[PDB]
>>> print(open('target.txt').read())   # compact mmCIF, C-alpha atoms and all ligand atoms
# COMPACT_ATOMS: atom_id res chain seq x y z
CA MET Z 1 -46.27 -77.97 -24.61
CA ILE Z 2 -46.30 -74.80 -22.47
CA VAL Z 3 -46.89 -74.36 -18.73
CA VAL Z 4 -47.62 -70.88 -17.35
CA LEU Z 5 -47.09 -70.50 -13.59
CA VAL Z 6 -48.35 -67.28 -12.03
CA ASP Z 7 -47.76 -65.67 -8.63
CA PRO Z 8 -50.05 -67.41 -6.09
CA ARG Z 9 -50.47 -64.13 -4.19
CA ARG Z 10 -51.40 -62.45 -7.50
CA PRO Z 11 -53.09 -65.31 -9.38
CA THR Z 12 -54.94 -62.68 -11.44
CA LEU Z 13 -51.77 -61.39 -13.16
CA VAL Z 14 -49.88 -63.16 -15.93
CA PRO Z 15 -46.22 -62.98 -17.01
CA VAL Z 16 -45.91 -60.62 -19.98
CA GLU Z 17 -44.07 -63.31 -21.99
CA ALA Z 18 -47.16 -65.57 -21.91
CA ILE Z 19 -49.89 -63.34 -23.36
CA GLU Z 20 -49.43 -64.54 -26.95
CA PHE Z 21 -49.68 -68.16 -25.79
CA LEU Z 22 -52.77 -67.27 -23.69
CA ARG Z 23 -55.17 -66.28 -26.50
CA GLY Z 24 -55.44 -69.81 -27.92
CA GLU Z 25 -56.70 -73.01 -26.35
CA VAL Z 26 -55.55 -72.99 -22.72
CA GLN Z 27 -56.42 -75.02 -19.63
CA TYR Z 28 -56.53 -73.48 -16.15
CA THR Z 29 -56.21 -75.39 -12.90
CA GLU Z 30 -59.07 -75.42 -10.42
CA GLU Z 31 -57.42 -73.09 -7.89
CA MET Z 32 -57.24 -70.26 -10.43
CA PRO Z 33 -59.65 -67.41 -9.58
CA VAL Z 34 -62.91 -67.15 -11.54
CA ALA Z 35 -61.62 -63.93 -13.08
CA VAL Z 36 -59.28 -65.88 -15.37
CA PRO Z 37 -61.82 -67.89 -17.46
CA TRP Z 38 -63.93 -64.74 -17.89
CA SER Z 39 -60.92 -62.87 -19.32
CA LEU Z 40 -59.40 -65.70 -21.36
CA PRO Z 41 -61.95 -66.15 -24.17
CA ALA Z 42 -61.21 -69.74 -25.25
CA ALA Z 43 -60.05 -71.28 -21.96
CA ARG Z 44 -61.40 -74.25 -20.02
CA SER Z 45 -60.68 -76.36 -16.97
CA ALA Z 46 -57.82 -78.86 -16.81
CA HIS Z 47 -60.34 -81.61 -15.97
CA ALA Z 48 -62.31 -80.90 -19.15
CA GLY Z 49 -61.52 -82.15 -22.64
CA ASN Z 50 -58.19 -83.34 -23.92
CA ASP Z 51 -54.93 -81.69 -22.89
CA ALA Z 52 -54.46 -78.12 -24.14
CA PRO Z 53 -51.10 -76.99 -25.58
CA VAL Z 54 -50.76 -74.51 -22.69
CA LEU Z 55 -51.87 -74.98 -19.07
CA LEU Z 56 -52.29 -71.96 -16.80
CA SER Z 57 -51.82 -72.46 -13.07
CA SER Z 58 -50.53 -71.04 -9.81
CA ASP Z 59 -49.71 -74.32 -8.02
CA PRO Z 60 -46.28 -75.81 -8.86
CA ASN Z 61 -47.35 -79.05 -7.13
CA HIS Z 62 -50.56 -79.60 -9.12
CA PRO Z 63 -50.36 -83.03 -10.83
CA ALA Z 64 -50.91 -81.66 -14.35
CA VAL Z 65 -48.07 -79.16 -13.87
CA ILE Z 66 -45.72 -81.92 -12.70
CA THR Z 67 -46.99 -84.12 -15.55
CA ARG Z 68 -46.41 -81.75 -18.47
CA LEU Z 69 -43.15 -80.45 -16.98
CA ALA Z 70 -41.80 -84.01 -16.77
CA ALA Z 71 -42.84 -84.58 -20.40
CA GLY Z 72 -40.73 -81.61 -21.51
CA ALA Z 73 -43.17 -78.71 -21.61
CA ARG Z 74 -41.61 -75.26 -21.63
CA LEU Z 75 -42.19 -73.19 -18.50
CA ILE Z 76 -43.05 -69.48 -18.54
CA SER Z 77 -43.11 -68.43 -14.91
CA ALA Z 78 -43.78 -65.31 -12.88
CA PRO Z 79 -40.81 -64.16 -10.76
CA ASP Z 80 -40.22 -66.06 -7.54
CA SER Z 81 -41.75 -64.57 -4.41
CA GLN Z 82 -39.64 -62.06 -2.50
CA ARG Z 83 -38.21 -62.59 0.98
CA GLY Z 84 -40.84 -61.69 3.56
CA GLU Z 85 -44.09 -62.24 1.64
CA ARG Z 86 -45.35 -64.81 4.15
CA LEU Z 87 -45.24 -61.84 6.54
CA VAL Z 88 -48.06 -60.36 4.45
CA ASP Z 89 -49.85 -63.67 4.90
CA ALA Z 90 -49.22 -63.22 8.63
CA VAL Z 91 -50.80 -59.79 9.07
CA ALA Z 92 -53.90 -61.07 7.26
CA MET Z 93 -54.30 -63.89 9.78
CA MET Z 94 -53.78 -61.33 12.55
CA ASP Z 95 -56.55 -59.20 11.04
CA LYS Z 96 -58.85 -62.22 10.80
CA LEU Z 97 -58.34 -63.52 14.34
CA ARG Z 98 -58.66 -59.97 15.72
CA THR Z 99 -62.34 -59.83 14.73
CA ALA Z 100 -63.40 -63.51 15.07
CA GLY Z 101 -61.46 -64.00 18.34
CA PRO Z 102 -63.54 -63.53 21.47
CA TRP Z 103 -60.49 -62.78 23.62
CA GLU Z 104 -58.46 -61.24 20.80
CA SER Z 105 -61.29 -58.79 20.06
CA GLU Z 106 -61.40 -57.19 23.53
CA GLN Z 107 -57.63 -56.98 24.07
CA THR Z 108 -55.96 -53.55 24.09
CA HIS Z 109 -52.44 -52.17 24.37
CA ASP Z 110 -52.38 -52.46 28.17
CA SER Z 111 -53.99 -55.92 28.21
CA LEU Z 112 -51.09 -56.93 25.92
CA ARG Z 113 -48.33 -55.04 27.79
CA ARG Z 114 -48.20 -57.87 30.34
CA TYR Z 115 -47.40 -60.56 27.78
CA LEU Z 116 -44.66 -58.61 26.00
CA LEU Z 117 -42.04 -58.62 28.77
CA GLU Z 118 -42.63 -62.35 29.24
CA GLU Z 119 -42.02 -63.19 25.58
CA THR Z 120 -38.82 -61.13 25.49
CA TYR Z 121 -37.36 -63.19 28.35
CA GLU Z 122 -38.37 -66.41 26.59
CA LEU Z 123 -36.46 -65.14 23.55
CA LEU Z 124 -33.42 -64.44 25.74
CA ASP Z 125 -33.64 -68.00 27.07
CA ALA Z 126 -33.75 -69.33 23.51
CA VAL Z 127 -30.59 -67.42 22.56
CA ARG Z 128 -28.67 -68.71 25.58
CA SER Z 129 -29.89 -72.29 25.01
CA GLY Z 130 -28.20 -72.32 21.58
CA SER Z 131 -30.96 -74.42 19.99
CA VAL Z 132 -32.04 -73.05 16.61
CA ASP Z 133 -35.48 -74.69 16.69
CA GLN Z 134 -36.89 -72.57 19.55
CA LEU Z 135 -35.07 -69.32 18.83
CA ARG Z 136 -37.26 -69.42 15.72
CA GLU Z 137 -40.45 -70.14 17.67
CA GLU Z 138 -39.92 -67.36 20.21
CA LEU Z 139 -38.94 -65.05 17.36
CA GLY Z 140 -42.42 -65.72 16.01
CA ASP Z 141 -43.90 -64.95 19.41
CA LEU Z 142 -42.28 -61.51 19.36
CA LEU Z 143 -43.49 -60.89 15.81
CA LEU Z 144 -47.01 -61.84 16.94
CA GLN Z 145 -46.85 -59.01 19.47
CA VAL Z 146 -45.76 -56.52 16.83
CA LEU Z 147 -48.66 -57.52 14.56
CA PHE Z 148 -51.24 -57.53 17.39
CA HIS Z 149 -50.41 -54.04 18.66
CA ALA Z 150 -50.39 -52.83 15.05
CA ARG Z 151 -53.81 -54.31 14.22
CA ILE Z 152 -55.13 -52.73 17.43
CA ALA Z 153 -53.84 -49.26 16.51
CA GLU Z 154 -56.04 -49.47 13.41
CA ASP Z 155 -59.11 -49.40 15.71
CA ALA Z 156 -57.48 -46.24 17.20
CA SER Z 157 -60.03 -43.37 17.45
CA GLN Z 158 -57.22 -40.73 17.42
CA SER Z 159 -54.15 -40.80 15.09
CA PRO Z 160 -54.71 -44.50 14.12
CA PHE Z 161 -51.88 -46.32 12.24
CA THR Z 162 -51.24 -49.70 10.56
CA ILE Z 163 -48.41 -52.22 10.26
CA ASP Z 164 -47.47 -50.43 7.05
CA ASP Z 165 -46.80 -47.19 8.94
CA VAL Z 166 -44.59 -48.81 11.56
CA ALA Z 167 -42.61 -50.40 8.73
CA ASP Z 168 -42.31 -46.90 7.25
CA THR Z 169 -41.27 -45.63 10.69
CA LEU Z 170 -38.55 -48.27 10.94
CA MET Z 171 -37.23 -47.67 7.42
CA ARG Z 172 -37.23 -43.88 7.79
CA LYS Z 173 -35.14 -44.25 10.96
CA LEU Z 174 -32.50 -46.52 9.40
CA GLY Z 175 -32.08 -43.94 6.61
CA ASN Z 176 -30.72 -41.06 8.69
CA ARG Z 177 -28.46 -43.38 10.74
CA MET K 1 -58.41 -45.27 -25.04
CA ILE K 2 -56.90 -47.76 -22.57
CA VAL K 3 -54.46 -47.44 -19.67
CA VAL K 4 -52.98 -50.62 -18.16
CA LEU K 5 -51.34 -49.85 -14.78
CA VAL K 6 -49.12 -52.58 -13.31
CA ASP K 7 -47.91 -53.27 -9.78
CA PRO K 8 -44.61 -51.34 -9.43
CA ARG K 9 -43.25 -54.11 -7.20
CA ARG K 10 -44.13 -56.76 -9.83
CA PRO K 11 -43.62 -54.85 -13.09
CA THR K 12 -43.60 -57.76 -15.59
CA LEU K 13 -47.05 -59.04 -14.53
CA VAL K 14 -50.10 -57.78 -16.43
CA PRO K 15 -53.79 -58.20 -15.47
CA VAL K 16 -55.50 -60.96 -17.46
CA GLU K 17 -58.18 -58.42 -18.43
CA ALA K 18 -55.55 -56.56 -20.50
CA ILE K 19 -54.46 -59.47 -22.74
CA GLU K 20 -56.98 -58.47 -25.43
CA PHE K 21 -55.47 -54.98 -25.64
CA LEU K 22 -51.68 -55.47 -25.72
CA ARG K 23 -51.79 -56.66 -29.34
CA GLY K 24 -51.53 -53.49 -31.45
CA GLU K 25 -49.60 -50.27 -30.96
CA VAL K 26 -48.68 -49.74 -27.31
CA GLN K 27 -46.79 -47.05 -25.38
CA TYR K 28 -44.76 -47.50 -22.19
CA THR K 29 -43.68 -44.93 -19.63
CA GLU K 30 -40.05 -44.37 -18.75
CA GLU K 31 -39.93 -46.33 -15.48
CA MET K 32 -41.06 -49.60 -17.09
CA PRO K 33 -38.24 -52.15 -17.48
CA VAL K 34 -36.78 -52.38 -20.97
CA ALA K 35 -37.58 -56.12 -20.99
CA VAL K 36 -41.36 -55.57 -21.07
CA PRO K 37 -41.66 -54.09 -24.61
CA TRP K 38 -39.28 -56.84 -25.79
CA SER K 39 -41.71 -59.47 -24.47
CA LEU K 40 -44.73 -58.11 -26.37
CA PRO K 41 -43.67 -59.67 -29.67
CA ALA K 42 -46.74 -58.00 -31.21
CA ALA K 43 -45.40 -54.45 -30.97
CA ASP K 51 -50.61 -41.56 -30.28
CA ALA K 52 -51.04 -45.18 -29.29
CA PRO K 53 -54.48 -46.28 -28.02
CA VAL K 54 -52.94 -48.45 -25.27
CA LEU K 55 -50.57 -47.10 -22.61
CA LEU K 56 -48.63 -49.48 -20.35
CA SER K 57 -47.22 -48.00 -17.14
CA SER K 58 -46.32 -48.63 -13.53
CA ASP K 59 -46.69 -45.01 -12.34
CA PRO K 60 -50.16 -43.61 -11.50
CA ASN K 61 -48.67 -40.11 -11.14
CA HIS K 62 -47.17 -40.08 -14.64
CA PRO K 63 -48.55 -37.12 -16.65
CA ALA K 64 -49.58 -39.29 -19.61
CA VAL K 65 -51.52 -41.60 -17.30
CA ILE K 66 -53.28 -38.69 -15.57
CA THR K 67 -54.35 -36.88 -18.75
CA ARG K 68 -55.47 -40.03 -20.57
CA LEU K 69 -57.52 -41.20 -17.58
CA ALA K 70 -59.12 -37.77 -17.22
CA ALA K 71 -59.95 -37.98 -20.96
CA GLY K 72 -62.13 -41.05 -20.42
CA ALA K 73 -59.61 -43.84 -21.00
CA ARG K 74 -60.48 -47.19 -19.46
CA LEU K 75 -58.26 -48.34 -16.61
CA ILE K 76 -57.12 -51.96 -16.24
CA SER K 77 -55.00 -52.05 -13.09
CA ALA K 78 -53.27 -54.64 -10.97
CA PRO K 79 -54.82 -54.98 -7.48
CA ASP K 80 -53.75 -52.60 -4.74
CA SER K 81 -51.13 -53.68 -2.23
CA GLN K 82 -52.32 -55.61 0.79
CA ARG K 83 -51.73 -54.48 4.35
CA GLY K 84 -48.15 -55.48 5.14
CA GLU K 85 -46.42 -55.25 1.75
CA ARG K 86 -44.23 -52.53 3.27
CA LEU K 87 -42.86 -55.27 5.54
CA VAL K 88 -41.20 -56.89 2.53
CA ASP K 89 -39.53 -53.54 1.83
CA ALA K 90 -38.29 -53.55 5.43
CA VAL K 91 -36.88 -57.06 5.00
CA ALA K 92 -35.04 -55.98 1.85
CA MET K 93 -33.60 -52.95 3.62
CA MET K 94 -32.60 -55.16 6.55
CA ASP K 95 -30.85 -57.45 4.06
CA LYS K 96 -28.89 -54.60 2.46
CA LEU K 97 -27.65 -53.26 5.79
CA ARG K 98 -26.67 -56.75 6.98
CA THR K 99 -24.30 -56.94 3.98
CA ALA K 100 -23.16 -53.31 3.55
CA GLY K 101 -23.05 -52.14 7.17
CA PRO K 102 -19.83 -53.14 8.94
CA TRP K 103 -21.34 -53.07 12.44
CA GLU K 104 -24.45 -54.99 11.37
CA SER K 105 -22.29 -57.52 9.50
CA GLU K 106 -20.64 -58.56 12.79
CA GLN K 107 -23.77 -58.85 14.95
CA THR K 108 -24.70 -62.27 16.31
CA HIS K 109 -27.63 -63.63 18.29
CA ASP K 110 -25.64 -63.13 21.51
CA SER K 111 -24.46 -59.60 20.70
CA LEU K 112 -27.99 -58.46 19.79
CA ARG K 113 -29.34 -59.69 23.15
CA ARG K 114 -28.38 -56.36 24.73
CA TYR K 115 -30.68 -54.15 22.63
CA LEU K 116 -33.58 -56.62 22.76
CA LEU K 117 -34.24 -55.85 26.43
CA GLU K 118 -33.53 -52.13 25.92
CA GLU K 119 -36.17 -51.60 23.22
CA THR K 120 -38.87 -53.82 24.75
CA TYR K 121 -38.71 -51.75 27.95
CA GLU K 122 -38.92 -48.55 25.89
CA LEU K 123 -42.01 -49.94 24.13
CA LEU K 124 -43.66 -50.53 27.51
CA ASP K 125 -42.69 -46.96 28.40
CA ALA K 126 -44.54 -45.81 25.27
CA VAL K 127 -47.70 -47.77 26.10
CA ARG K 128 -48.07 -46.27 29.60
CA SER K 129 -47.27 -42.84 28.09
CA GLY K 130 -50.18 -42.61 25.64
CA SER K 131 -48.05 -41.06 22.87
CA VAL K 132 -49.14 -42.67 19.59
CA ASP K 133 -46.07 -41.36 17.73
CA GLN K 134 -43.79 -43.05 20.28
CA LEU K 135 -45.87 -46.24 20.36
CA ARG K 136 -45.50 -46.54 16.59
CA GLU K 137 -41.79 -45.68 16.83
CA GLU K 138 -40.98 -48.26 19.52
CA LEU K 139 -43.05 -50.82 17.60
CA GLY K 140 -40.71 -50.41 14.63
CA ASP K 141 -37.70 -50.68 16.92
CA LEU K 142 -38.96 -54.02 18.25
CA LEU K 143 -39.91 -55.14 14.73
CA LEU K 144 -36.33 -54.38 13.65
CA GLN K 145 -34.96 -56.85 16.21
CA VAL K 146 -37.13 -59.64 14.79
CA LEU K 147 -35.98 -58.94 11.24
CA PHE K 148 -32.38 -58.56 12.42
CA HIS K 149 -32.38 -61.88 14.29
CA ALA K 150 -34.10 -63.62 11.38
CA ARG K 151 -31.60 -62.16 8.90
CA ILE K 152 -28.69 -63.33 11.08
CA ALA K 153 -30.20 -66.82 11.04
CA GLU K 154 -29.92 -66.83 7.24
CA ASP K 155 -26.12 -66.64 7.51
CA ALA K 156 -26.03 -69.59 9.93
CA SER K 157 -23.81 -72.49 8.84
CA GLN K 158 -25.67 -75.20 10.81
CA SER K 159 -29.47 -74.85 10.43
CA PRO K 160 -30.35 -71.48 8.90
CA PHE K 161 -33.82 -70.00 8.51
CA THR K 162 -35.24 -66.68 7.30
CA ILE K 163 -38.00 -64.22 8.18
CA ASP K 164 -40.35 -66.29 6.00
CA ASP K 165 -39.69 -69.35 8.18
CA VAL K 166 -40.51 -67.56 11.44
CA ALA K 167 -43.62 -66.19 9.70
CA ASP K 168 -44.54 -69.79 8.85
CA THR K 169 -43.98 -70.88 12.46
CA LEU K 170 -46.25 -68.16 13.86
CA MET K 171 -49.06 -69.18 11.53
CA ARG K 172 -48.84 -72.90 12.37
CA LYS K 173 -49.05 -71.93 16.07
CA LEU K 174 -51.80 -69.43 15.12
CA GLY K 175 -53.78 -72.20 13.39
CA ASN K 176 -54.28 -73.94 16.75
MG MG P 201 -43.44 -67.87 24.23
MG MG P 202 -36.04 -47.16 20.98
>>> encode(input="target.txt", output="C-alpha cells", more="lines below")
Ligand SMILES: [Mg+2]
Ligand SMILES: [Mg+2]
Amino acid sequence: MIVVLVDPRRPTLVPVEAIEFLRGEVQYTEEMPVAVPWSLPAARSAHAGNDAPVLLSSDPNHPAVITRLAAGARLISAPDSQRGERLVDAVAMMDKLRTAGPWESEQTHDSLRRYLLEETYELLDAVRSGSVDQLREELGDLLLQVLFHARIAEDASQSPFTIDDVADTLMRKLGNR
Amino acid sequence: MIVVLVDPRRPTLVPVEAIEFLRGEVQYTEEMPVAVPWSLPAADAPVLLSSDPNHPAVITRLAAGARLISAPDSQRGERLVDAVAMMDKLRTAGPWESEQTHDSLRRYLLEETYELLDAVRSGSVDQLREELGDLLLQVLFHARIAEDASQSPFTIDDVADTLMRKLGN
C-alpha cells in the first residue's frame, strides 16, 4: 500500500510525512542499517512473513519496491539527492585509498607536483579534440589531484586543512568578486 | 525533555529514533520550514524540533538535561555540494560566466595550475589552500558548462562517477 524511500546517503533518517505510517507493521529491505529495526518497534525484514502495508527502503531498484510501486502503492520519498553528492562519495574513496595505498600513503605535495602539470595538458588536449567522452575523463583526473592534495594537507603538522576548507576558500573568494 | 535536531541541509528528514516522540505536543524553531509542522498530523512542549544547534531554546533545554536525538554530522566534503550550487547560480546570473565555453576557459586553466605549483614550492599553506580552490573552481566550471551542452551533456556528478570507476581499478 505504501512505499517509503529514504536518502541512501542518510538511510537512518525518514521523511517527516511517513512517521505515522511507520509505527505500524512495516517491512524494511536488507540494505537498511541495523539502526532502523531497533528504532521501529514492530518492523521486520521484507523476506519475512507476508507483505506489510508499508515497506521501508533506500534502494529504488529493489524488487519489492518495483513490485509494490507497479501494483499502485503510494510513494512517500525523501528529497532527491543534490547536484554534487557523488563528490562526497569521491573524497571518502580518496581518504580510504590514502591509508590503504602503499604508494598513495607515502606521496606528498612535491611527489604530486610532477603529475599535475601533465594532467592539465591532457585536459587541454581533450578540449581541443572536441570529444565529450574524454574531456570528462581528464576532468576527473584534475579533480583527483584536488582531492589528493587536500587529503594530504589533513596529515599537515602545521596549519592543516581539509577539502571542506578549500571549498570554503573558493566560495569566500567568489563572494567579494 | 527531548530535543530533536535535524540536518539543516535536509530539514524534512527526522532520525528514526525520534518517531516515538513526535506524537504529542511539539515545538519548532523559526528556521524550520513551514511544511514540517503540517506533516506531523499528530500536532512548554516536552519535544522541541529544530535545525539550529545555536538556537537559545535548544541550548537551554539541552543544558537542562534534555535528551538529544540528532541527525548525523556532515561528512568530509559536504561543503563541495555548496560550491557546486554556488557555481550553478553564477553560471546563470553572471553575464561573463554565462558566455564561457570549454575553449574560452582554456586560458585560465594553465594560469591557475602554474600558480598552484608556485604555491607548492613556496611552502605557504594559505596560498596552497587558495590555489587549490582556484583549480577546483575550473573543474566545477567545466562540469557546469557541460550541463548546458546540446549534444552529450554531463554534470559534476558524472565526472565524480568517472573518477571512482577509474579509482576502483
Ligand atoms: Mg590523464
Ligand atoms: Mg590564482
>>> interface_residues(input="target.txt", of="chain Z", to="chain K", cutoff="6 Å", atoms="all atoms listed in the file", output="NGL selection string")
:Z and (13-17 or 39 or 84 or 86-88 or 136 or 140 or 164 or 166-167 or 170)
>>> closest_residue(input="target.txt", among="Z:52, Z:58, Z:131, Z:169", to="ligand MG 202 (chain P)", atoms="all atoms listed in the file")
Z:169
>>> atom_distance(input="target.txt", atom1="atom CA of residue K:157", atom2="atom CA of residue Z:89")
27.8 Å
>>> atom_distance(input="target.txt", atom1="atom CA of residue K:134", atom2="atom CA of residue Z:119")
20.9 Å
>>> residues_around(input="target.txt", residues="residue Z:144", least_positions_apart="3", cutoff="9 Å", atoms="all atoms listed in the file", output="mmCIF file with C-alpha atoms, keeping the file's coordinate frame")
data_model
loop_
_atom_site.group_PDB
_atom_site.id
_atom_site.type_symbol
_atom_site.label_atom_id
_atom_site.label_comp_id
_atom_site.auth_asym_id
_atom_site.auth_seq_id
_atom_site.Cartn_x
_atom_site.Cartn_y
_atom_site.Cartn_z
ATOM 1 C CA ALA Z 90 -49.220 -63.220 8.630
ATOM 2 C CA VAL Z 91 -50.800 -59.790 9.070
ATOM 3 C CA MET Z 94 -53.780 -61.330 12.550
ATOM 4 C CA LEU Z 139 -38.940 -65.050 17.360
ATOM 5 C CA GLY Z 140 -42.420 -65.720 16.010
ATOM 6 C CA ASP Z 141 -43.900 -64.950 19.410
ATOM 7 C CA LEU Z 147 -48.660 -57.520 14.560
ATOM 8 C CA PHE Z 148 -51.240 -57.530 17.390
ATOM 9 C CA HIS Z 149 -50.410 -54.040 18.660
ATOM 10 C CA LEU K 170 -46.250 -68.160 13.860
#
>>> atom_distance(input="target.txt", atom1="atom CA of residue Z:101", atom2="atom CA of residue Z:152")
13.0 Å
>>> residues_around(input="target.txt", residues="stretch 25-38 of chain Z", least_positions_apart="5", cutoff="6 Å", atoms="all atoms listed in the file", output="CSV table (one decimal) with C-alpha atoms, in the coordinates of the input")
chain,number,residue,atom,x,y,z
Z,43,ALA,CA,-60.0,-71.3,-22.0
Z,44,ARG,CA,-61.4,-74.2,-20.0
Z,45,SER,CA,-60.7,-76.4,-17.0
Z,46,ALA,CA,-57.8,-78.9,-16.8
Z,52,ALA,CA,-54.5,-78.1,-24.1
Z,54,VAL,CA,-50.8,-74.5,-22.7
Z,55,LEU,CA,-51.9,-75.0,-19.1
Z,56,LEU,CA,-52.3,-72.0,-16.8
Z,57,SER,CA,-51.8,-72.5,-13.1
